[PDB]
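One structure is given below, encoded as structure tokens.
There are 2 protein chains.
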Amino acid sequence: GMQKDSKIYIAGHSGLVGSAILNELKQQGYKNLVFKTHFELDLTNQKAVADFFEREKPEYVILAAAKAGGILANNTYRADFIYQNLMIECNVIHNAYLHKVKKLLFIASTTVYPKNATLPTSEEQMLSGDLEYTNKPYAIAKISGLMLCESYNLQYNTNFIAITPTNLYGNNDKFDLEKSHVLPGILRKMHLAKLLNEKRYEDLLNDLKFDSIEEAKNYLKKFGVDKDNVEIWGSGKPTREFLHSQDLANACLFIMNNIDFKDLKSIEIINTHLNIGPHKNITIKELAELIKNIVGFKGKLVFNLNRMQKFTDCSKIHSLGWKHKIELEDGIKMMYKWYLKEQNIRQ
Amino acid sequence: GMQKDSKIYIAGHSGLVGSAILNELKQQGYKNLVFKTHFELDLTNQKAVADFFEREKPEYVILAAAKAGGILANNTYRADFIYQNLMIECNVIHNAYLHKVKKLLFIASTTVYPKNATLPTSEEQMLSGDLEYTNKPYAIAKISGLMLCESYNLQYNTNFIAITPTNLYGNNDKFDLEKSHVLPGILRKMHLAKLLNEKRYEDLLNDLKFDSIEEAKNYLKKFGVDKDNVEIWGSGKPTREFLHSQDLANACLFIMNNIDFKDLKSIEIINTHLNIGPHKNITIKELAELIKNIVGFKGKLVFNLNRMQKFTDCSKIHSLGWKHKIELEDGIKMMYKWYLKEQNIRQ
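Read top to bottom, the protein sequences are chains Y and S. So the first sequence is residues 1 to 347, counted in the working numbering. So the second sequence is residues 1 to 347, counted in the working numbering.
Dropping the structure here:
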């Protein structure tokens with residue numbers, strides 16, 4: 001296991017992942033922590049990474065740094081998304097072998113899996129079919145990162161662990177109704193409909209930063225919200241899944257302390273990465289119901305037939321002694337409570 | 001097109017591929033050629049590649065350099081085979097964009113295709129299923145190289161062409177009966193059986209570097225050869241395919257001069273690489289017959305039931321105006337004639 005005084009380099013420490021991880025390292029008593037901003041350490045620069053590892057000699061590495069973005073960025077910056085990730089991956093993973101790092105964790109995602117994979121999707125389904133177009137270059141870079149870890153382990157007996165977490169959520173989500181994910185977007189829509197339904201107009205104005213009630217009402221029509229109704233686009237049959245960032249961070253710690261390459265072999269050794277997730281999925285419609293209940297919205301949900309399936313199999317991490325602890329309803333209450341506190345609105 | 005005085009950097013110029021290409025560049029009148037040995041330019045070294053491109057400013061790049069080896073090396077050196085190729089690929093492809101290279105060609109292989117792909121295997125079958133274990137890390141590195149080329153083209157309007165040639169053969173094959181491919185191995189076995197069958201013992205001794213006839217005969221039993229018989233292992237039902245290195249080199253030239261990224265697009269742009277091959281496959285048994293006839297062995301072929309399918313679709317390169325010119329029987333006669341000249345044995 002890692003000692004409390006072990007020197008642990010966390011690369012990509014500022015993202016949602018890196019942050020959650022730094023926090024959990026602090027929670028568990030780890031003091032001897034190193035990390036650098038981009039401004040301070042270009043991880044695509046071979047010489048800079050080698051000079052960092054020379055000067056610092058980290059015992060443990062957690063590689064959460066990636067060039068990542070939304071659907072649009074992935075589809076625009078296709079060269080940057082494959083080249084930078086390939087370079088970050090190769091420089092950090094190679095130098096760690098060279099500098100005799102005791103254990104490395106590489107954080108990828110379920111982006112590595114085929115778009116039409118069968119559910120539930122075990123690690124054994126990697127490469128069994130083609131990838132989604134829009135993130136194809138990032139996804140290949142991540143598959144390469146997996147293969148780097150497994151390759152170094154098989155050739156050089158390193159202990160480089162790769163994980164593929166599912167879709168994440170936290171209290172650090174964005175509730176911008178223009179740019180936000182399905183969960184925080186429905187949560188805020190549902191809250192706004194409650195405010196209209198209960199005629200809590202001070203809260204409504206404050207939430208939206210409007211100063212005319214009538215303009216607030218007009219504006220919420222764009223999102224399918226009025227005082228009796230919240231509109232969800234589609235039938236609500238697509239599934240999603242959610243892993244809370246604190247559960248991801250806990251599983252990172254558990255892996256570093258309790259799961260080594262030897263636990264993940266079985267004579268052709270493949271798919272020695274680990275899915276991390278709740279081993280559970282949910283329909284948009286069910287999700288919308290849960291959020292309706294948590295928010296306490298009393299009006300109607302409408303699924304408008306004018307306009308994907310996901311289930312990551314986490315059996316293997318379960319058989320190695322880790323299960324997520326935050327169930328979806330609890331994670332959504334916690335998010336809503338942070339949200340209300342930041343909007344200065346009461347339940 | 002490339003001008004005769006255009007500066008053309010050929011990376012990996014000493015391998016079977018690089019060599020064939022340098023030769024064909026000479027044949028077509030290209031004088032202004034640059035290339036470096038490893039000893040002179042470590043292509044995994046980011047700074048060295050950037051300093052090379054700074055000092056030389058090549059107009060055209062042909063990237064044939066790879067860490068490659070046989071079945072054993074691929075399965076031993078798994079980390080070196082993914083890491084070095086990823087690094088060679090990223091450094092050369094990125095620097096070429098940075099240094100405004102006019103056109104780049106990246107040479108991969110049919111290693112990118114699924115092990116159970118349906119025949120004939122078009123470029124559209126890339127990633128439709130899992131890869132062979134033994135070369136999995138090299139193959140992922142090559143898929144990454146494809147995605148690098150296509151990504152730079154889509155994001156930055158570069159003209160980086162990737163090709164996936166099928167299995168190669170030439171006059172530079174090895175006829176070591178211990179380590180050789182199916183084609184040169186059967187050709188030499190068949191020749192040795194002819195020599196025994198026709199009692200051409202001076203030739204037989206000379207071919208094997210033996211000096212006892214009886215020891216020569218004992219030794220050829222290890223390979224399934226006597227004066228009446230040549231043994232082929234298996235039923236002879238597996239298929240192979242063959243592209244002559246000179247045809248590959250010609251197609252490289254044709255691509256550089258006549259096929260640009262815009263010819264290879266059709267709104268989700270994928271699989272803009274090009275298969276290169278004869279658009280033809282052959283069974284081991286048929287191959288053995290052809291070689292028997294060419295050699296003029298008069299005895300029997302025996303397929304010993306004590307102990308794979310391949311067909312690369314080259315429609316797309318055909319529809320762009322290039323077809324291989326060396327049919328298998330001609331390529332095998334040429335190899336045999338070089339072989340006999342190097343062994344100083346007559347037909």
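Beta carbons are placed, not taken as given, at the ideal position from N, Cα and C, and that holds for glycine.
**Message:** So the candidates are Y:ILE143, Y:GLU198, Y:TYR83, Y:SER315; which of them puts its Cα closest to the Cα of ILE107 of chain Y?
**Reply:** Considering only alpha carbons, the answer is Y:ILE143.
**Request:** Output the boundary residues of the beta strand (DSSP E) element that contains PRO165 of chain Y.
**Result:** Counting along the chain, the unbroken beta strand (DSSP E) around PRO165 of chain Y starts and ends at 160-165.
**Opposing strand residues paired with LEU105 of chain S [DSSP bridges]** = Answer is S:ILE62, S:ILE161, bridged to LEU105 of chain S.
**Asked** Below 7 Å between beta carbons: does that hold for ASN281 of chain S and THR239 of chain S?
**Response** Result yes, Cβ atoms of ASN281 of chain S and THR239 of chain S sit closer than 7 Å.
**Asked** Using a C-beta to C-beta distance shorter than 7 Å, which residues of chain Y count as neighbours of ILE140 of chain S?
**Response** Residues of chain Y whose Cβ lies closer than 7 Å to the Cβ of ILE140 of chain S are, in chain order, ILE143, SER144, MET147.
**Asked** Alpha carbon to alpha carbon, what distance is there between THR44 of chain S and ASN75 of chain Y?
**Response** CA-CA distance, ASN75 of chain Y to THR44 of chain S, rounds to 28 Å.
**Request:** Name the residue from S:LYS189, S:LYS115, S:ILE294, S:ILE21 whose alpha carbon lies nearest to the alpha carbon of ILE232 of chain S.
**Result:** That would be S:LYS189, whose Cα lies nearest to the Cα of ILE232 of chain S.
**Message:** Against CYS252 of chain Y, what residues of chain S qualify as contacts under a CB-to-CB distance less than 8 Å, listed in chain order?
**Reply:** Chain-ordered listing is empty here: chain S has no CB closer than 8 Å to the CB of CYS252 of chain Y, the nearest sitting near 23 Å.
**Prompt:** At a Cβ threshold of 7 Å, is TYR152 of chain S touching chain Y?
**Reply:** Closer than 7 Å to some Cβ of chain Y, the Cβ of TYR152 of chain S qualifies, so yes.
**Message:** Tell me which residues of the stretch 74-88 of chain Y have at least one Cβ-Cβ distance to chain S shorter than 8 Å, keeping chain order.
**Reply:** Cβ contacts with chain S: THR76, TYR77, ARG78, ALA79, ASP80, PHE81, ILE82, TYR83, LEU86, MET87.
**Message:** Contact criterion: CB-CB distance below 7 Å. Does residue 348 of chain S meet it with respect to chain Y?
**Reply:** The structure shown does not extend to residue 348 of chain S, since chain S spans only 1 to 347, so no value can be given for it.
**Request:** Look at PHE311 of chain S and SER235 of chain S and say whether their C-beta atoms are less than 7 Å apart.
**Result:** No. Outside cutoff.
**Asked** Secondary structure at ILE282 of chain Y, three-state DSSP: helix, strand or coil?
**Response** In the three-state scheme derived from DSSP, where H, G and I count as helix and E and B as strand, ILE282 of chain Y is classed as strand.
**Item:** Which of helix, strand or coil DSSP assigns to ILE88 of chain Y
**Value:** Helix, per DSSP.
**Request:** Compute the beta-carbon to beta-carbon distance between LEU131 of chain Y and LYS115 of chain Y, rounded to the nearest angstrom, for a pair I have assumed lies under 8 Å.
**Result:** Confirmed, about 6 Å.
**Request:** Note down, in chain order, every chain S residue with its Cβ under 7 Å from the Cβ of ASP130 of chain Y.
**Result:** What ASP130 of chain Y touches in chain S: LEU127, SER128.
**Prompt:** Once you ignore the five residues that flank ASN257 of chain S on each side, which residues in its own chain have a CB closer than 7 Å to its CB?
**Reply:** Counting only Cβ-Cβ distances below 7 Å, and skipping sequence neighbours, we find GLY1, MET2.
**Request:** Assign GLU327 of chain S to one of three DSSP states: helix, strand, or coil.
**Result:** Residue state, collapsed to three classes: coil.
**Asked** If you run the structure through DSSP and keep just helix, strand and coil, what is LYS136 of chain S?
**Response** Judged by DSSP in its simplified three-state form, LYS136 of chain S adopts helix.
**Asked** Is it buried or exposed for residue 348 of chain S, if we count other Cβ within 10 angstroms and need 16 for buried?
**Response** Nothing about residue 348 of chain S can be reported from this structure: the residues present for chain S run from 1 to 347 only.
**Prompt:** Can you give the Cα-Cα distance for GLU40 of chain S and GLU24 of chain Y, rounded to whole angstroms?
**Reply:** Going from the Cα of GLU40 of chain S to the Cα of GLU24 of chain Y covers about 48 Å.
**Closest Cα partner of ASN85 of chain S within the set S:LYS136, S:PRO120, S:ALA50** = Selected option, being the one with the closest Cα: S:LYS136.
**Asked** Using the C-alpha atoms, what's the distance from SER122 of chain Y back to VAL61 of chain S?
**Response** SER122 of chain Y has its alpha-carbon roughly 41 Å from the corresponding atom of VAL61 of chain S.
**Message:** Can you list, in chain order, the residues of its chain with a C-beta nearer than 7 Å to that of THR134 of chain Y? Leave out the 5 residues immediately preceding and following it.
**Reply:** Sequence-distant partners of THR134 of chain Y (beyond 5 residues in either direction) whose C-beta falls short of 7 Å from its own C-beta, in its chain, are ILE71, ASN74, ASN75.
**Asked** Can you list, in chain order, the residues of its chain whose CB lies under 7 Å from that of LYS194 of chain Y, leaving out five sequence neighbours each side?
**Response** Cβ within range, chain order: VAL295, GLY296, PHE297.
**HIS94 of chain S - DSSP class collapsed to helix/strand/coil** = Of the three classes helix, strand and coil, the one that applies to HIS94 of chain S here is helix, per DSSP.
**Message:** Below 8 Å on the Cβ atoms is my contact criterion, and I expect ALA141 of chain S with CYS149 of chain S to pass it. Report the Cβ-Cβ distance as a whole number of Å.
**Reply:** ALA141 of chain S to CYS149 of chain S, Cβ: 13 Å. No contact.
**Request:** For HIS94 of chain S, go through chain Y and note every residue whose CB falls closer than 8 Å to its CB, in chain order.
**Result:** The contacting residues are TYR83.
**Prompt:** How big is the Cα-Cα spacing for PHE81 of chain S and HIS181 of chain S?
**Reply:** Spanning the two alpha carbons is a distance of roughly 21 Å.
**Asked** Excluding the five sequence neighbours on either side, which residues of its own chain have a C-beta within less than 8 Å of the C-beta of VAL225 of chain S, listed in chain order?
**Response** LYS189, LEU192, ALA193, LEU196, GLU231, listed in sequence order.
**Item:** Neighbour list for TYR113 of chain Y in chain S, Cβ cutoff strictly below 8 Å
**Value:** Simply none; closest approach about 12 Å.
**Where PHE311 of chain S falls: helix, strand or coil (DSSP)** = In the structure shown, the three-state DSSP call for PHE311 of chain S is coil.
**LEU187 of chain Y (DSSP reduced to helix, strand or coil)** = If DSSP states are grouped into helix, strand and coil, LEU187 of chain Y belongs with the helices.
**Cβ shell of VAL34 of chain Y (< 8 Å), same chain only, five flanking positions each side left out** = The answer, listed in chain order, is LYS7, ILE8, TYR9, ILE10, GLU56, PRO58.
**Request:** Going by DSSP, name the residue or residues bridged to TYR9 of chain S.
**Result:** In the DSSP output, where bridge partners are listed per residue, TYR9 of chain S has S:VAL34, S:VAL61.
**Message:** Here's the rule: buried if 16 or more other CB atoms are within 10 angstroms of the residue's CB, otherwise exposed. What is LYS337 of chain S?
**Reply:** Exposed: under 16 other Cβ atoms inside 10 Å.
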